[PDB]
Amino acid sequence: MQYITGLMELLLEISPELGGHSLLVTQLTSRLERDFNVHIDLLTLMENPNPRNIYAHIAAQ
Amino acid sequence: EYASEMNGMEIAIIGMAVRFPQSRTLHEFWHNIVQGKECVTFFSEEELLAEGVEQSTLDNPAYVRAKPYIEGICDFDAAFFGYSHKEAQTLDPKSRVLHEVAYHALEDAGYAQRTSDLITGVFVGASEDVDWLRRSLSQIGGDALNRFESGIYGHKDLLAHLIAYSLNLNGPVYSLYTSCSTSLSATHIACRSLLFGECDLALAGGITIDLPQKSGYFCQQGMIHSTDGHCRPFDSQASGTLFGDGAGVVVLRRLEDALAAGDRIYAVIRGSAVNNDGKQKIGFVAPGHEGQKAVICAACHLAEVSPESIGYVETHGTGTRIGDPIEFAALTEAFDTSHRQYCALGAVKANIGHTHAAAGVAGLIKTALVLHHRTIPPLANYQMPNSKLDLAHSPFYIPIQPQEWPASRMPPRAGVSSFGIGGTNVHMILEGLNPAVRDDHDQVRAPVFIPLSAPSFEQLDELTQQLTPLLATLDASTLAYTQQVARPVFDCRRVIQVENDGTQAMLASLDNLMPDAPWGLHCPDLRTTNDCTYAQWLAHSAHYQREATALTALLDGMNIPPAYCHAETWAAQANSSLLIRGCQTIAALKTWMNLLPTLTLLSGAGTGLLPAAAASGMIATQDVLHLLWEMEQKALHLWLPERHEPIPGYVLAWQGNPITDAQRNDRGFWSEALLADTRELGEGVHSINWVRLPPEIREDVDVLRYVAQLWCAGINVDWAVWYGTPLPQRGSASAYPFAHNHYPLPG
Amino acid sequence: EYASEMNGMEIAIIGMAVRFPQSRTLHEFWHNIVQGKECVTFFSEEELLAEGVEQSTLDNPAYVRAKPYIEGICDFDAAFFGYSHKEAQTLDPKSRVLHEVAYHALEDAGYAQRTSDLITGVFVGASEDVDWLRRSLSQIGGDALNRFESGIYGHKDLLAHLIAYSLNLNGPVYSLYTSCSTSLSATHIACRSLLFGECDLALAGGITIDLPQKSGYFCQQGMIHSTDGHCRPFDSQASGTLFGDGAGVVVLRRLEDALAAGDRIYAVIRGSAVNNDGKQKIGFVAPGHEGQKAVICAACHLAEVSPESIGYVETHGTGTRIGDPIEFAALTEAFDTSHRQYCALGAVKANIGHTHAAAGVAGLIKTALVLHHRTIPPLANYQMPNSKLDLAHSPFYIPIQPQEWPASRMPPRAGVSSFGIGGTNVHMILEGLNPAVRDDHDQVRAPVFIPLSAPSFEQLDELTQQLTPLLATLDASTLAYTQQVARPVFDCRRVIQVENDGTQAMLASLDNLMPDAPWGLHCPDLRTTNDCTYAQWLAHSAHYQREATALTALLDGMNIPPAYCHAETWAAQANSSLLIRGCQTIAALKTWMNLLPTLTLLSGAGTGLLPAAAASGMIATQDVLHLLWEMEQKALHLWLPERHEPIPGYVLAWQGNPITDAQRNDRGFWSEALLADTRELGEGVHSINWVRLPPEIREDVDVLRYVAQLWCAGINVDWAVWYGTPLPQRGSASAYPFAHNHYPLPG
């Protein structure tokens with residue numbers, strides 16, 4: 786989750810569900826998460842609009 | 002007949018032409034819609050390695066191999082439009098396709114080569130993809146004159162000026178682009194600038210061709226490209242969409258004019274709304290919800306149709322798992338009704354794949370055909386509905402089998418839609434046209450004839466090979482009429498005769514004719530031969546009774562015959578009066594020279610020389626109509642007329658001796674010429690081809706067969722003159738046979 | 002007024018903005034027109050070498066070194082428009098300029114941030130060269146998603162959708178191209194779409210940027226380009242054409258709306274025609290003649306203007322050796338009038354050079370400014386006329402020194418032409434507007450107050466450096482009214498006082514202020530004082546008189562003595578009674594509630610507690626009036642009315658202690674607080690900043706000086722409820738300062 790916030794703060798650069814949520818943002822998050830120790834699916838990629846629900850699916854998998 | 006209330010603003014659609022994947026004309030487009038067939042194709046490795054694909058991508062699992070492709074993008078008939086070979090070589094393939102599609106969509110409307118007195122004017126709009134841009138600048142150059150030619154010809158936005166220059170069109174012309182809904186934006190501003198009273202015949206359009214044909218795409222997991230090769234809208238199995246190729250052009254004219262001139266109308270466009278979505282959407286690249294329901298309510302309200310009479314809604318339907326409940330939700334909220342399950346749906350993007358900038362006008366041609374043929378076609382690849390939809394408490398049901406249009410919905414109405422990717426939204430309520438009765442009575446009336454034409458023999462063989470499915474689907478009488486009147490003519494000709502059951506017998510040509518010999522008619526002697534100059538059959542011609550009412554307005558004035566006037570029943574007492582016999586001749590020759598423009602001589606062999614001078618222009622009608630009734634008493638002395646100057650052409654002979662200013666000023670020849678020679682071939686030979694009817698003639702169709710044979714011989718004919726009081730309805734006949742060269746793809 | 006008839010077809014131009022060469026705003030463009038100097042620059046032998054021209058082309062004698070360049074292609078405001086940094090990096094410089102120019106057009110029309118009630122379209126053309134195409138095709142696009150981003154953002158197809166999305170506009174959008182009159186075809190679509198009732202504003206205008214900004218151009222022999230560097234139109238030494246750069250946007254709205262809302266109008270468009278040349282010429286690149294004469298006669302018919310009262314014709318004026326006799330003969334055959342020389346001529350294409358997509362809108366903006374300022378401007382390079390020009394027999398004469406509008410051609414009427422390359426030929430009769438006249442006589446009127454505002458101190462300082470060139474040209478009262486009302490406000494603020502004759506001086510800061518506090522007002526006891534919470538200075542507000550009329554009507558129903566029921570006469574006999582003083586205080590409190598919307602905590606000590614109550618809404622009005630009446634004569638048996646909860650904003654007090662639900666129902670508390678007297682000046686210590694005037698008031702403008710010293714601090718005071726019954730006209734004012742980053746060009 787920390788690295789996910791690190792790349793979204795790298796891409797958008799605001800220090801404080811209001812992410813990109815568009816063409817490249819979702820795929821760029823989804824690429825390294827499968828390389829990460831977490832396991833993410835494309836179905837929960839298109840179902841989760843917040844890093845809290847993503848982290849909830851992280852604890853489920 | 003229209004059968005509703007005419008407000009100020011309606012627009013007809015009087016002819017369309019398409020070239021879509023696995024669909025080369027209109028008849029195959031309706032045959033592909035009705036059956037529910039899909040038009041995507043699947044390649045294999047061998048026909049892909051010949052097109053130049055690296056082997057390190059086929060083994061990748063991201064290359065799903067399918068693409069809806071145009072057939073024949075690399076051929077063009079260069080010399081017909083006005084180009085030469087290098088100028089036809091340097092053209093972007095968009096323009097080579099759209100020239101031929103726009104000429105077919107003119108010629109299907111009737112107004113082919115007749116727009117030099119109508120202010121027509123194009124509005125097409127075209128997309129762009131980058132591969133031909135990469136292939137066009139790999140040439141060398143030094144900014145020369147040829148480079149400036151390649152700078153305006155190879156542009157993708159001097160398309161509409163090239164079309165309206167090459168077909169001689171003199172009205173407004175634009176080249177719009179609003180993303181993914183190009184054709185419906187162009188059709189909407191064509192309806193506005195048609196309603197202002199600016200142009201008369203507007204043409205919509207839109208074309209996209211992605212140049213490396215026969216190649217797959219690259220699927221992605223976080224996108225909208227379908228990972229199957231298949232596009233399924235409103236389905237529980239759905240994956241994505243499918244980007245293909247296309248073409249397509251309509252022709253739009255106002256309602257009142259296209260009901261006055263009697264044309265073939267498919268639909269009548271009523272209302273049309275446009276609005277951007279704005280910043281209510283999340284970013285830039287996705288449409289919302291409120292814009293969709295606002296445009297549907299605005300276009301339903303602006304055209305005075307309540308939304309509980311619309312039995313067909315062509316959606317957008319791209320086939321994603323996200324866009325489809327959104328579009329069904331907007332289409333439920335905008336229809337504010339509470340009736341249950343009365344309206345169908347559909348999406349052409351199942352059948353052909355998503356065309357990139359012709360998608361709206363693909364929708365428009367499908368809904369126009371639906372209101373014209375009156376069925377409701379199936380939705381293709383539909384098994385079980387999407388789980389987030391509820392069809393029960395909502396007006397829409399998805400058809401699976403082709404149905405007739407249900408009663409208690411008449412007159413039919415249907416509504417198209419096309420929302421772009423970026424915001425511009427269009428919607429357009431259509432209302433169909435109620436067809437005629439077809440009162441031909443299924444009787445055993447007559448064979449009718451069809452005059453094909455093309456400028457060379459191979460194209461003529463193609464055009465006569467075209468005729469079998471066109472006779473199989475259409476009707477034969479209206480096909481023959483709209484091939485007679487509203488199509489052009491060319492050099493090498495042929496006639497095809499159609500009998501009552503469907504047979505095709507080619508029509509035999511003449512045997513003995515000479516090319517330099519002019520044409521002419523023969524008039525008999527009224528004293529002995531009571532038969533007229535072929536006036537036994539020309540009674541039903543509408544021009545002939547107009548000349549009869551013109552002649553009876555002058556005969557009844559001063560001559561005062563013994564109670565024989567008003568031009569009613571000349572078929573009962575034809576053999577008695579010389580006056581009606583001379584009138585007959587005058588009217589018969591008048592019709593027989595307005596029927597054929599290349600008719601000059603009007604000779605005769607006794608008692609017809611004065612009607613011949615009357616209707617050739619040498620003598621005015623007043624003195625000869627004065628003299629004809631006084632010829633009945635035949636007692637007192639003859640009268641020499643004022644001898645007016647005739648019209649150019651129409652010189653007169655007596656026994657095959659056409660002479661001018663020799664015997665037209667004396668009196669001895671005029672007194673000598675009033676005798677009966679009684680010799681049909683009294684001239685021997687004088688090189689004059691004669692309009693002689695065949696000896697074995699009984700029915701009125703034999704004279705029309707003769708008129709067809711003189712059409713085949715090589716002189717133009719005024720066909721509309723023959724037909725009676727109900728002029729048969731115009732319709733759709735036959736495309737043109739283009740002659741393909743080959744032009745290589747650059748690079 | 003306007004001073005002619007009004008049919009349905011008027012469209013008013015209510016604001017324009019430009020970025021033409023050497024012309025970075027609008028007042029410099031008019032100065033450059035009326036002098037006659039030309040904006041083309043010349044280079045040396047080294048500034049070309051410094052930016053990527055090798056020496057092997059410099060020595061070529063067929064190389065003319067000139068190009069009318071814009072300055073500031075690169076820069077942009079990054080975070081204003083709702084962008085990131087990378088998204089701002091990946092754009093295309095046409096978009097990176099036309100964002101700024103269209104926002105200056107809305108800021109000049111007045112509707113800067115008030116587009117929340119109207120339906121605003123966009124209709125923007127553009128033109129695409131080949132050099133950025135070779136710069137952007139060969140760069141690494143990336144994966145499919147970055148290619149999607151670069152194809153959606155970085156192209157000339159999504160330009161008008163970006164202007165309509167970054168600002169908040171939700172009307173129709175389009176993006177035309179008709180190849181040299183792109184701007185005037187977009188303006189003509191905007192007229193035809195305003196007149197039906199889709200949109201209520203529009204935009205227009207194109208852009209053209211050729212990316213190596215400082216570089217020469219190859220002269221040659223076949224294609225037309227100038228062989229010298231100068232574009233002389235209609236001259237004996239005419240050589241060619243000069244291709245340049247440009248921008249430009251207007252804003253259009255109907256005439257009935259733009260007079261019944263008070264706006265500023267430059268010139269009003271009366272008629273518009275478009276056709277195409279057709280095939281009625283020789284080549285695709287050569288100009289026709291019948292097309293030009295037909296479009297001029299149709300646009301002089303459709304606008305009901307006879308071509309006798311047209312005083313100034315703005316033509317194309319390309320400047321080649323062939324186009325100028327053709328254009329002049331077309332004009333003198335359309336103006337079929339047989340007078341002698343009366344109408345001037347001109348061309349902007351000598352001042353700036355050919356612009357290639359904005360040449361139509363350069364013509365429209367120059368003709369709008371000439372009708373607004375009424376000065377015929379001279380032709381830019383003109384010594385002796387062309388040899389085959391028949392000047393003295395034709396209606397036109399060509400000026401060489403700027404002269405005033407000739408006083409026998411009123412109201413002024415003009416005419417704009419722009420003919421493309423083989424495409425549409427657009428013409429458009431404009432018509433000027435008779436002015437509004439000041440009622441001063443060079444007198445010592447009053448100081449005014451100008452409220453500048455910008456979001457940080459650097460941008461504020463650059464904005465306040467604009468008041469010297471604006472005040473040297475305009476007049477100093479409409480500038481102050483436009484800056485007060487029809488412009489937005491921001492955080493860091495400053496006001497500038499302008500006296501009768503120059504002498505700008507910043508208003509002093511306001512001291513002794515404690516932040517995060519409520520603002521309150523106090524009205525003392527009315528038995529002694531006469532200043533009824535400053536109701537003598539507010540007597541000219543024309544909002545004070547509305548409440549005075551309402552209270553006059555309310556006291557007319559019940560009050561016993563006359564001459565107290567007459568409005569406009571309270572101040573004569575106010576000093577004798579108490580009822581008049583209470584009636585004045587009610588309206589003064591409501592006007593000071595209007596002025597200063599964020600005033601919250603009222604108060605009142607002694608008898609003033611009752612008008613403070615009636616203004617707040619706690620008691621009543623009529624009960625308060627007659628209660629004050631028995632306190633005028635009797636002051637026995639007070640009848641306390643039952644209280645309310647006044648307004649969801651305001652809080653009432655007694656001395657400085659807010660009674661927030663303290664007692665509200667005790668008769669002893671009101672009687673003790675009210676019945677004896679107060680006689681304190683009061684207000685020892687609490688935490689609310691009182692609205693107290695400085696004690697040296699001696700005029701009527703001094704309260705305006707105090708309310709501007711309030712607006713220099715945080716109070717968002719309305720700037721319109723102070724001015725009297727003729728409100729001043731709106732007019733034009735300063736334009737925003739943009740914060741400039743730097744984005745380099747990917748060569």
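Chains C, B and A supply the protein sequences, listed in that same order.
Per the entry's author numbering: the first sequence = residues 786 to 801, 810 to 854.
Per the entry's author numbering: the second sequence = residues 2 to 748.
Per the entry's author numbering: the third sequence = residues 2 to 748.
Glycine residues also receive a C-beta, built at the ideal position from the N, C-alpha and C atoms.
Strictly below 8 Å CB to CB, what residues from chain C border residue i?
{"i": "A/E150", "result": "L816, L817"}
{"i": "B/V286", "result": "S815, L816"}
Output the boundary residues of the beta strand (DSSP E) element that contains residue i.
{"i": "A/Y313", "result": "313-315"}
{"i": "A/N426", "result": "425-430"}
{"i": "B/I451", "result": "449-451"}
{"i": "A/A13", "result": "12-18"}
{"i": "A/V496", "result": "493-499"}
{"i": "B/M507", "result": "505-507"}
{"i": "B/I270", "result": "268-270"}
{"i": "B/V275", "result": "274-276"}
In chain C, which residues lie with their C-beta within 7 Å of the C-beta of residue i?
{"i": "A/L146", "result": "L816, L817, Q820"}
Can you pull the chain C neighbours of residue i, defined as C-beta to C-beta under 9 Å?
{"i": "B/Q222", "result": "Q820, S823, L835, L838"}
Using a C-beta to C-beta distance shorter than 7 Å, which residues of chain A count as neighbours of residue i?
{"i": "B/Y267", "result": "Near B/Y267 there are no residues of chain A at all, since even the closest Cβ is about 26 Å away, more than 7 Å."}
In terms of residue numbering, what span does the alpha helix (DSSP H) encompassing residue i cover?
{"i": "B/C584", "result": "579-595"}
{"i": "C/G791", "result": "787-796"}
Residues of chain B with CB closer than 7 Å to the CB of residue i, please, in chain order.
{"i": "A/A165", "result": "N277"}
Applying a beta-carbon distance threshold of less than 9 Å, which residues of chain A neighbour residue i?
{"i": "B/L256", "result": "Correct list: empty, because the minimum Cβ distance to chain A is about 18 Å."}
Quiz prompt | Ranges of the alpha helix (DSSP H) found wholly within the region 334-394 of chain B, counting only runs of at least 4 | solution = If we require 4 residues or more, the alpha helix (DSSP H) runs fully inside the region 334-394 of chain B come out as 360-374.
Quiz item: Taking a cut of 7 Å between CB atoms, which residues from the region 817-830 of chain C lie near chain A?
Solution: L817, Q820
Quiz item: Which ranges would you report for the alpha helix (DSSP H) in the region 196-265 of chain A if only whole runs of at least 4 residues count?
Solution: Entirely contained in the region 196-265 of chain A, the alpha helix (DSSP H) runs reaching 4 residues are, in chain order, 256-260.
Practice problem: Please list the residues of the region 173-188 of chain B that have a C-beta atom closer than 8 Å to any C-beta atom in chain A, keeping them in chain order. | Solution: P173, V174, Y175, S176, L177, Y178, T179, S180, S186
Self-check item: At least three beta-carbon pairs within less than 8 Å, the region 99-106 of chain A to the region 244-260 of chain A
Solution: At 8 Å Cβ cutoff, the stretches touch.
Self-check item: Continuous alpha helix (DSSP H) assignments of at least 4 residues falling wholly in the region 641-710 of chain B
Solution: 669-673
Quiz item: Within the chosen definition, does the region 411-421 of chain A reach the region 726-739 of chain B through at least 3 CB pairs nearer than 8 Å?
Solution: Contact check between the region 411-421 of chain A and the region 726-739 of chain B: fewer than three CB pairs, one atom from each, fall below 8 Å, which does not count as touching.
Quiz item: What are the residues of the region 62-77 of chain B that lie near chain C, defined by any Cβ-Cβ distance shorter than 8 Å?
Solution: none
Quiz item: Taking any Cβ of chain A, which residues in the region 598-622 of chain B have a Cβ under 7 Å from it, in chain order?
Solution: none
Quiz item: Going along the region 279-308 of chain B in order, which residues come within less than 9 Å of chain C, judged by CB to CB distance?
Solution: Listed by position along the chain: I283, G284, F285, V286, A287.
Self-check item: Runs of alpha helix (DSSP H) lying entirely within the region 450-476 of chain B, each at least 4 residues, in chain order
Solution: 458-466, 468-474
Self-check item: Contact the region 381-392 of chain A vs the region 258-275 of chain A: 3+ CB pairs below 8 Å
Solution: no
Quiz prompt | the region 509-517 of chain B / the region 10-26 of chain A touching (three or more Cβ pairs under 8 Å) | solution = no
Quiz item: Is there contact between the region 316-332 of chain B and the region 343-352 of chain B, where contact requires at least three CB pairs shorter than 8 Å?
Solution: Yes: at least three Cβ pairs fall under 8 Å.
Quiz item: Does the region 189-209 of chain B come close enough to the region 105-124 of chain B to have 3 or more Cβ pairs within less than 8 Å?
Solution: yes
Quiz item: Is the region 58-68 of chain B close to the region 254-270 of chain B, with three or more CB pairs under 8 Å?
Solution: no
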